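This report concerns only the one structure given below.
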Amino acid sequence: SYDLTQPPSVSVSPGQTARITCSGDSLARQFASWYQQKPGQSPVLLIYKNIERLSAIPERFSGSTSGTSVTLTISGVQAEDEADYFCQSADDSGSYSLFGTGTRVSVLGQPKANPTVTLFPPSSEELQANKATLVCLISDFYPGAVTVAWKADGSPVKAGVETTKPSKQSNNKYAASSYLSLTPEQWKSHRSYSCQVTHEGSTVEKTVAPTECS
Amino acid sequence: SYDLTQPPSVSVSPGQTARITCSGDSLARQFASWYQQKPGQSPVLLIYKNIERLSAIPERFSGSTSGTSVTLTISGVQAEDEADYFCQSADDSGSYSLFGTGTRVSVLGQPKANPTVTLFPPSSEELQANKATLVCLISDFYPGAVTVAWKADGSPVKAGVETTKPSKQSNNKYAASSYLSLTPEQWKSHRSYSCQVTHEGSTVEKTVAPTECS
Amino acid sequence: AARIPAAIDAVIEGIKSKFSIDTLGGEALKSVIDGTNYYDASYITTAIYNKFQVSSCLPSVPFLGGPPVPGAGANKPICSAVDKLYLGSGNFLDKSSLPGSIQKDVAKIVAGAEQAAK
Amino acid sequence: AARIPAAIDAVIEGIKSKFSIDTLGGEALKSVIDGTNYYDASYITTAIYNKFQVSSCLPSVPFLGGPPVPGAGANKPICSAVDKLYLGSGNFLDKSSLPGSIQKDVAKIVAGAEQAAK
Amino acid sequence: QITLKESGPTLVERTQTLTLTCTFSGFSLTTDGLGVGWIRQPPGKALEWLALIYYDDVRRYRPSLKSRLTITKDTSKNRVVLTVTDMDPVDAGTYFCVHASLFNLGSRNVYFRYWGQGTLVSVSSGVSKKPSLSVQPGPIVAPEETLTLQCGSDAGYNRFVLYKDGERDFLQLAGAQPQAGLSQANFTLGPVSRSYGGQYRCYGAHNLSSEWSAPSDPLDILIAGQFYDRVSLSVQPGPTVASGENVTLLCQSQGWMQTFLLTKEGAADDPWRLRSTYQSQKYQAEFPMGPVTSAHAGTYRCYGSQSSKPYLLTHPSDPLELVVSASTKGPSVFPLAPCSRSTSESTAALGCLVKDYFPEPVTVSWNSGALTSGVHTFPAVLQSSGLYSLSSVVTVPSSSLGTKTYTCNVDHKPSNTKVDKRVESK
Amino acid sequence: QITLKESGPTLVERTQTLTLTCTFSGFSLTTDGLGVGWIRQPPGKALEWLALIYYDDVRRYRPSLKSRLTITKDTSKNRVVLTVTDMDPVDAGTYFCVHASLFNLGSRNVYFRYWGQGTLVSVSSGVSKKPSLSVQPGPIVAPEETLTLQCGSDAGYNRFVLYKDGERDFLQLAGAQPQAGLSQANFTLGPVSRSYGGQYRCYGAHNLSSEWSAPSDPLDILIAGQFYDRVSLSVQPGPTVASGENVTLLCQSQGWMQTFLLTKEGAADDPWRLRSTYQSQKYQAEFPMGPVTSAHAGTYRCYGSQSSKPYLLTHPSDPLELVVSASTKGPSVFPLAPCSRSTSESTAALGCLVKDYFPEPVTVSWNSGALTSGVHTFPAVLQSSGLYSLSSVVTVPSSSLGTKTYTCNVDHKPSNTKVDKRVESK
Ligand SMILES: *[C@@H]1O[C@H](CO)[C@@H](O[C@@H]2O[C@H](CO)[C@@H](O)[C@H](O)[C@H]2NC(C)=O)[C@H](O)[C@H]1NC(C)=O
Ligand SMILES: *[C@@H]1O[C@H](CO)[C@@H](O[C@@H]2O[C@H](CO)[C@@H](O)[C@H](O)[C@H]2NC(C)=O)[C@H](O)[C@H]1NC(C)=O
Ligand SMILES: *[C@@H]1O[C@H](CO)[C@@H](O[C@@H]2O[C@H](CO)[C@@H](O)[C@H](O)[C@H]2NC(C)=O)[C@H](O)[C@H]1NC(C)=O
Ligand SMILES: *[C@@H]1O[C@H](CO)[C@@H](O[C@@H]2O[C@H](CO)[C@@H](O)[C@H](O)[C@H]2NC(C)=O)[C@H](O)[C@H]1NC(C)=O
Ligand SMILES: *[C@@H]1O[C@H](CO)[C@@H](O)[C@H](O)[C@H]1NC(C)=O
Ligand SMILES: *[C@@H]1O[C@H](CO)[C@@H](O)[C@H](O)[C@H]1NC(C)=O
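Given below as structure tokens:
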């Protein structure tokens with residue numbers, strides 16, 4: 001219970017509610033409160049219980065509780081709501097206090113666009129040259145922050161993955177690719193390979209099976 | 001500090017092959033070597049220059065290089081090879097030397113088994129009752145260490161997840177379960193929910209959609 | 186009356202052995218002991234407490250409500266002997282208990298000469 | 186010979202002022218700086234350098250190697266004066282450079298004093 | 001036959017310099033391509049490279065420790081000296097002296113072949129950490145028992161001294177052997193009386209001739225039973241509560257007490273303290289416990305106090321045991337089916353879910369005691385709200401799915417409820 | 001008007017105490033259900049709680065830091081003092097003063113409403129007693145040139161002294177100003193000669209009446225041109241080397257030579273040394289450079305030295321520039337397909353992977369200059385082998401994949417290659 005986990009970052013375009021969650025084992029039997037710390041200032045309390053709110057804070061910030069996690073809803077995000085939002089609770093017994101990792105609500109420009117990943121298996125011509133490469137192509141996403149994770153039968157693979165940095169397109173939406181290098185013996189052993197891309201918050205997965213569709 | 005990263009731990013049943021990979025940005029130009037440290041004793045050199053073994057090392061150990069990563073494979077690991085394995089290499093400039101975090105190969109008493117994950121949507125009569133709960137059931141896995149990570153629409157969800165510790169079963173393989181509680185509107189809002197199970201690195205996933213069945 | 190050299194010899198050996206007393210300082214007890222007061226160990230305890238300055242071993246505070254500092258004669262051998270003997274695992278040492286424990290230990294040394302002489 | 190008392194007083198004044206010479210050192214010099222030798226600066230330079238053991242200010246080592254340690258002039262005012270005077274910010278001083286610098290400064294002070302009395 | 005035998009100081013203070021001295025026989029540093037270096041391993045962690053000297057006058061240091069290392073060689077009498085200058089209690093481990101060898105000229109990358117045996121190095125913690133003073137059973141005692149203050153530390157103190165403020169000299173002195181990580185003394189007070197109130201504190205030191213550490217935080221010992229008038233305790237709701245209700249303990253009495261205490265038996269936590277307000281010719285203080293759960297269970301007793309005597313409490317009040325437990329709810333069964341009967345599978349996963357029930361035993365049996373094979377019942381899940389949940393599934397063949405009725409019957413004796421739900425496949 | 005005002009030292013030396021104090025105005029700490037505490041924040045990271053003291057004298061500390069922290073409270077003066085004991089340089093950051101209030105008397109859990117402002121606290125990284133002795137331009141010097149040794153330190157040393165090994169009297173003595181704690185001196189060596197070689201070592205001190213610090217690392221100065229014999233440098237492969245083939249520089253001499261130094265003209269790590277083995281008619285020693293890369297490029301000079309006086313050298317040999325170039329390679333076009341089944345999807349993707357090309361401009365256009373409906377050519381990934389790779393995908397309407405024939409053409413101009421591949425899905 002010594003850790004109260006929060007998302008590392010949340011970004012939302014103006015006018016859309018942003019939800020920040022604070023999950024921990026000790027939240028079941030202790031109260032919580034939410035703090036806002038604008039850059040270069042002192043943190044300001046927002047709501048001091050599971051649900052109730054201070055008088056001066058605007059009507060946008062409302063809190064809710066559910067099980068072992070409490071969540072904040074910044075209804076109608078505006079440009080002046082870019083800050084770090086923290087969470088507080090106590091230990092299980094009622095004791096030494098705790099502070100969460102804290103998210104960072106950021107307002108965007110162009111609306112968010114999810115990636116479109118296409119995965120291509122090695123051709124039949126690959127294996128004659130005693131080579132095998134899997135290519136993962138990511139295009140039409142914004143902003144430019146991706147992290148590809150190559151998994152073979154679920155278990156992570158970090159031997160041969162090569163990833164380019166995001167680059168600008170003609171549409172002001174970034175695009176990037178990732179290549180995996182495989183010996184022909186490996187590609188005919190595991191059941192399936194998957195190229196997982198994680199956007200700011202997302203996990204889009206594509207699967208290719210050497211034995212099924214080849 | 002050090003740039004060479006290794007898996008925290010690897011477990012393998014007797015008779016199989018274990019693969020350890022350490023990767024970094026300096027393995028491209030500078031060689032590598034693998035060390036074995038049994039508990040208490042002093043480390044012993046195993047493989048140097050990425051390809052070669054010493055004259056007094058069992059034939060099972062072998063190594064290879066794959067771009068910016070080097071892999072040491074213990075083919076047919078016996079009960080004696082339970083130790084920590086470190087890989088070392090210079091930095092980019094070739095002056096200083098860097099060791100790795102170092103894995104820990106352990107042999108299990110009983111052969112490993114993979115989880116059998118079955119997920120159930122909320123009943124058609126729960127929407128009438130205004131309460132919705134997904135169920136994820138994990139059965140027949142060894143050893144017992146599973147971390148259910150619910151994902152909705154590809155984004156993590158931690159508001160409502162309730163999980164029990166793995167428990168002993170009548171058969172000598174552990175079991176567990178996990179429940180997610182949803183408001184019906186949230187259940188019908190998203191397009192896909194997925195239970196995600198992590199067991200000794202390997203990841204298994206089962207997905208259901210509201211449109212298939214409400 | 187050949188036990189009066191024995192009576193002092195045994196005690197001056199035992200005090201040196203038990204309390205790690207320096208050889209050049211052991212005989213100082215002879216001046217303050219004779220052939221009738223060696224039977225009672227409390228006289229020896231008083232003489233040690235007065236001359237050997239065992240009171241300096243214990244911690245003392247400069248001014249009231251201040252951090253303790255070690256006593257004056259901390260580095261003297263007698264402090265080391267007391268520390269190794271009376272302290273250690275599972276022991277306590279009050280201000281009053283130290284003369285009591287010293288007297289109890291000197292009683293056995295005193296009785297040793299009587300038992301051995303015959 | 187009326188210049189002789191004036192010249193002697195002026196030169197001892199300059200040397201005492203520059204190097205923070207001890208009061209007894211003034212009369213010690215007056216015993217040796219006698220008018221037979223005020224003409225030259227090398228003689229008085231060497232006389233200062235050997236009477237006030239300026240050579241002891243610089244550090245030296247016991248062994249052939251071994252870390253350097255400060256010399257016998259650890260706290261003498263002359264060593265502190267020469268240290269604060271020459272070793273400033275970017276001034277070097279070897280064994281064979283200190284006598285030259287002292288010669289320069291002493292000659293300057295004596296010439297100035299003599300020609301100012303003139 | 002290449003051997004290396006390290007030897008050097010093992011115990012060293014917190015701001016002194018370590019000087020190990022390797023000694024190698026079999027190879028000479030004047031041979032081209034060789035080298036000697038030191039490797040450090042903290043207890044149960046990864047190896048860290050420290051220093052290395054080649055067959056030359058060239059020395060390579062760890063970049064982040066270059067400021068506090070000095071490696072030197074003596075080829076005439078084979079040995080290597082390493083000197084760390086500013087050791088802290090984190091620079092402790094098992095230093096190794098190792099051989100070396102260049103792969104090839106053009107890059108000073110080496111592989112250490114002939115290692116040496118371990119060389120354990122430990123650093124004594126300085127007098128900066130303060131001891132922690134704790135008392136059992138509780139800070140307040142009747143004037144007849146004895147107390148055992150416990151002073152503990154996480155730095156390896158050998159001697160502990162206990163000081164009571166208001167007195168000139170130390171109250172007691174004791175020593176404890178420094179077990180692997182922790183040491184603890186057990187000062188025993190005598191039979192208590194009126195004049196044992198005050199703020200006790202205890203210091204620590206490595207021996208009785210060294211600087212004592214920072215003072216421990218004061219511990220308040222209060223002695224009860226030195227006032228004539230008595231106090232009484234009562235709770236506004238009923239003593240039995242349903243684990244979700246406002247509960248407000250009350251302390252009421254005559255007499256002029258301006259401070260009340262409320263203690264729960266079995267807990268060493270500090271007592272609650274509040275001031276009193278004169279209402280209806282009675283001095284009272286009101287303790288809002290807020291929402292109450294199973295944790296706030298036990299017996300609570302009140303105490304009076306006065307400011308003229310800071311460490312004296314009135315005679316203990318009558319206990320008022322508080323019992324908190326949730327109410328029996330009974331299960332609510334709910335059917336579950338995969339709703340995607342893929343034809344490419346032989347066994348389905350029909351099952352039933354039990355959602356909310358507090359009394360722990362519930363049993364699920366299918367087709368009234370039949371179908372004993374293929375049925376699994378997972379252990380109960382304790383929800384945050386305090387109500388358990390269950391699940392049971394049966395793996396039946398794909399052909400059996402069809403005109404074969406499947407139904408699960410459940411029971412919960414403490415609620416007298418039997419419910420039967422038929423899990424029809426969608 | 002509740003406000004908090006914190007003040008104290010803003011720069012503390014390492015391993016020393018910190019004594020922040022908070023002065024609060026607007027509330028009285030004697031009232032029930034209040035408390036003051038301290039909260040840290042490293043620059044950029046999240047907050048962390050340190051201490052708290054309530055209306056009753058109860059202290060709580062973060063368990064990971066219970067040994068070091070200590071909070072004391074005074075009511076009349078309205079001041080609270082935090083006295084963190086050991087300050088390693090990872091404790092820097094803003095320190096806030098907060099005004100904690102309890103929720104209910106059930107559990108000592110508080111919410112911080114009125115925050116302070118915060119005082120930046122910085123901790124000195126640490127000082128290195130050892131001076132650093134570096135020489136410019138390089139350890140190899142001409143027979144007639146003015147050297148410049150740079151004995152520098154960061155411990156606030158006021159004066160430095162230079163010792164030559166083998167001599168009992170200090171060579172020179174200098175001084176420098178403690179400019180922000182960093183000192184540097186530049187001893188000048190005059191016209192060098194045969195006797196200026198050796199191991200120069202420099203010390204430091206706070207003043208001429210202090211004790212001198214630890215010796216700096218020895219530095220070797222080698223005089224060149226003293227001998228008569230000439231040495232020549234010959235590379236066994238061609239002077240131009242394609243990357244990968246392992247260069248083997250060779251030094252030959254007509255005289256009785258023992259050790260050969262090989263230096264890279266640019267600022268390098270250090271000269272190499274090897275022993276000379278007699279060969280057919282010349283003394284020689286070859287340096288295996290291993291697999292060369294773009295780093296081992298520049299001018300190489302091979303000196304010659306004898307152990308009669310180990311710090312002397314022969315004349316520099318003729319410079320031998322070593323040029324490394326990555327040879328151009330021809331791209332190989334492999335055709336990647338959606339996979340056998342892409343049924344029920346309106347638009348499908350077909351593409352070409354160009355693998356292993358070195359000059360960077362490659363240009364892919366599908367079906368000559370047509371099919372510019374959506375061709376996207378992804379940017380290229382520089383593989384660790386040093387050869388680039390790039391791919392392009394054409395989105396196509398699905399039925400068309402049956403009839404429309406899509407094929408791709410690659411143009412790598414520098415290698416004069418045009419390859420066409422007819423991709424298909426089957
Ligand atoms: C100091 O007192 C503590 C508290 O009692 C001791 O810790 C436990 O003591 C009880 C009996 O007093 C034992 O039954 C337990 O086994 C003790 N715990 C452990 C972990 O051993 C502690 O042992 C005492 N120490 C000394 C030196 O007397
Ligand atoms: C549970 O009941 C108690 C007892 O009434 C409540 O305590 C009072 O709360 C109100 C809230 O406005 C305050 O104005 C009173 O001053 C409180 N009483 C005392 C004696 O201080 C408590 O608030 C209730 N809890 C909930 C969650 O409603
Ligand atoms: C000793 O070191 C160098 C010798 O050149 C001097 O530092 C250079 O001079 C300027 C002006 O003093 C410095 O500000 C720069 O750091 C250097 N300039 C460069 C490198 O172009 C330094 O002044 C010398 N003297 C002292 C007392 O340090
Ligand atoms: C690089 O090429 C050189 C060509 O001489 C190789 O040099 C010799 O290789 C043999 C192979 O066993 C070694 O025994 C010798 O010690 C090497 N050096 C000399 C001077 O003969 C070198 O091995 C090659 N390296 C690689 C990695 O292929
Ligand atoms: C007591 O401890 C200190 C520090 O550990 C040590 O310097 C001193 O020698 C010790 N006392 C004795 C008698 O050894
Ligand atoms: C020189 O430095 C030492 C050490 O800081 C100091 O004690 C002394 O006063 C300084 N000055 C002189 C003239 O020694």
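Protein chains in written order, with the authors' numbering: chain L, 1 to 214; chain B, 1 to 214; chain C, 186 to 303; chain D, 186 to 303; chain H, 1 to 426; chain A, 1 to 426. Positions of the beta carbon are idealized from the N, C-alpha and C atoms, including for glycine.
Residue pairing by DSSP puts residue 136 of chain H in a beta bridge opposite H:148. Annotated three-state conformation of residue 64 of chain H is helix, per DSSP. For residue 209 of chain C, the enclosing alpha helix (DSSP H) begins and ends at 208–211. In this structure residue 296 of chain D is exposed. Its beta-carbon is surrounded by fewer than 16 other beta-carbon atoms within 10 angstroms. Set against 7 angstroms, the gap from the CB of residue 172 of chain A to the closest heavy atom of ligand 3 is not smaller. Nearest in C-alpha terms to residue 280 of chain C, of all of C:244, C:202, C:210 and C:264, is C:244. When distances are taken from the beta-carbon of residue 209 of chain A to the heavy atoms of ligand 6, the shortest one is below 7 angstroms. Per DSSP, residue 33 of chain L lies in no alpha helix (DSSP H); the unbroken beta strand (DSSP E) holding it starts and ends at 33–37.
At the C-beta level, residue 299 of chain A and residue 271 of chain A stay beyond 8 angstroms of one another.
Using a Cβ-Cβ cut-off of 8 angstroms, residue 293 of chain H counts as an interface residue toward chain L, since at least one Cβ of chain L sits closer than that to its own. At a C-beta separation below 8 angstroms, residue 215 of chain A has these neighbours in chain D: 252. By the neighbour-count definition (other C-beta atoms within 10 Å, threshold 16), residue 208 of chain A is a buried residue. DSSP places residue 112 of chain A in the uninterrupted beta strand (DSSP E) bounded by 110–115. Excluding its 5 nearest sequence neighbours in each direction, residue 17 of chain H has C-beta neighbours in its own chain below 6 angstroms: 83 and 85, listed in chain order. Under DSSP, residue 182 of chain A shares a beta bridge with A:179.
Look at residue 276 of chain C here: in three-state DSSP terms it is strand. Under the 10 Å beta carbon count, residue 200 of chain L is surrounded by 16 or more other beta carbons and is classified as buried.
The set of residues with any CB-heavy atom separation to ligand 2 below 6 angstroms comprises, in chain order, H:246, H:248, H:286, H:288 and H:290. Cβ proximity to chain L below 7 angstroms picks out 384 from the segment 357–389 of chain H. With a threshold of 16 other beta carbon atoms within 10 Å, residue 131 of chain H meets it and is buried.
For residue 111 of chain H, at least one C-beta of chain B is nearer than 8 angstroms to its own C-beta.
For residue 264 of chain D and residue 256 of chain D, the gap between their C-alpha atoms comes out near 10 angstroms.
Residues of the segment 147–158 of chain B with a C-beta atom less than 7 angstroms from some C-beta of chain L are 151, 154, 155 and 158, listed in chain order. Of the residues assessed, residue 25 of chain H falls on the exposed side of the cut-off, its CB having fewer than 16 other CB atoms within 10 angstroms.
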